[PDB]
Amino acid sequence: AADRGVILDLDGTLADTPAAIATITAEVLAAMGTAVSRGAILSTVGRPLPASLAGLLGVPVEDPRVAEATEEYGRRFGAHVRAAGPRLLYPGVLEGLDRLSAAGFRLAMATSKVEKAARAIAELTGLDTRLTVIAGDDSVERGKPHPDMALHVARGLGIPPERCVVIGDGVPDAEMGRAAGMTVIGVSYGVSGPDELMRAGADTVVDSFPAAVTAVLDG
């Protein structure tokens, strides 16, 4: 058994959500009576939701307008997840996670979604039965890019950081993993290009989730 850990981002890594996040963010803003530049939305995609919506609304994060928006987003996104079911996931995700488990890797999710939303997504997609630990942005005091979430789930897995790899599509994932003393496999099919992820400290970048699985399996 490998007795190693794999710490997986959700949005843009396991779940093919970036396009839907942008759309639904726009739907929420319109519901809230406003709109923002396309590029502003795109810069937030997959980042923590209250902070992102507060930035887009241009208001303090504690402003009641933010909780109104986050609640509306939860309704719309929840409906999207029921419409997608397992097709929320990229091809080969469940199979790849099962192969990592078969090889004795212990699996966790570290997402910028809130934990309850992460759990619900895990349940609707089938990730839940592959993952030993799930953490989201509100599971820890300091979310991405801080190491804390990765350190927290590694402890839950019983694997030290030196034996964990972070897999993600975002600069915050790469920063989180490096800060935590972990290896990082960037993926290029989500919100970031390969050069950005390299420059953020990814040890390698791959172009598909099966390719990330292969990288881990082959050491």
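Numbers for residues come from their place in the sequence shown, where the first is 1.
Legend: mean Cα B-factor per stretch from the PDB entry, 165 to 173 versus 152 to 160; the higher mean is in 152 to 160. In this entry, 82 to 90 has the higher mean Cα B-factor, the comparison being between 102 to 110 and 82 to 90. The top Cα temperature factor in the record, among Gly55, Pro48, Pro64, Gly186, falls on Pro64. In the deposited entry, the Cα temperature factor of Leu8 sits in the bottom third of values across the chain's modelled residues. Sorting the modelled residues of the chain by their CA temperature factor places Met198 in the highest third. In this PDB entry, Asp128 carries a Cα temperature factor that places it within the highest third of its chain's modelled residues. Placement of the Cα temperature factor of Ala19 within the chain: middle third of the modelled residues, per the deposited record. Looking at the C-alpha B-factors along this chain, the one for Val191 belongs to the middle third.
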